[PDB]
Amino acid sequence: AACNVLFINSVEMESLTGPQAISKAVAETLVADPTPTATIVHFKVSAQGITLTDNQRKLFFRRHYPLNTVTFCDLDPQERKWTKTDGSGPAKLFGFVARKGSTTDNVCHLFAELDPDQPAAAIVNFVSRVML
């Protein structure tokens, strides 16, 4: 299945992981300078993992995260929101932690819900059931 969401930022977490990693990535993202520029992306969940593709204007073209590299996915533990460099109000933040040549190093990829019928909690639950 594929959902439409806003890709917000990717943060190097070293060995941090789990909810601590998601929360830390959110904190770093909200004070990043300049403010990261969000991009509308196709967030596809499959037996192969998570594949992100442009559904905006090609910032990046495509990124694929093999299922075995995804170790965690959840909403921001502190329930902070993304105020899109735009308007339409605050959007809930969520992300996933991926290991992927750094064995113990992780990266957290952050997103914001965009479609009312595809809320962050539902996306997190689907990824969890299929990949974690």
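Position 1 is the first residue in the sequence shown; the rest follow in order.
Engineer: Would you class the number of unmodelled deposited residues between residue 64 and residue 65 as none, 1 to 3, 4 to 9, or 10 or more?
Structural biologist: Nothing is missing between them.
Engineer: Can you let me know which of the two, 8-16 or 21-29, has the higher average C-alpha B-factor in the entry?
Structural biologist: Here the higher of the two C-alpha B-factor means belongs to 8-16.
Engineer: Test of understanding: from the entry's C-alpha B-factors, which stretch has the higher mean, 80-88 or 46-54?
Structural biologist: Looking at the recorded C-alpha B-factors, 80-88 comes out higher on average.
Engineer: With respect to C-alpha B-factor, does residue 38 fall in the lowest, middle or highest third of the chain as deposited?
Structural biologist: Its C-alpha B-factor, which the entry lists for residue 38, ranks in the highest third among residues of this chain.
Engineer: Comparing against every modelled residue in the chain, figure out the third that the C-alpha B-factor of residue 2 lands in (lowest, middle or highest).
Structural biologist: Highest third of the chain for residue 2's C-alpha B-factor.
Engineer: Classify residue 71 as lowest, middle or highest third according to the C-alpha B-factor given in the PDB entry, relative to its own chain.
Structural biologist: Bottom third by C-alpha B-factor.
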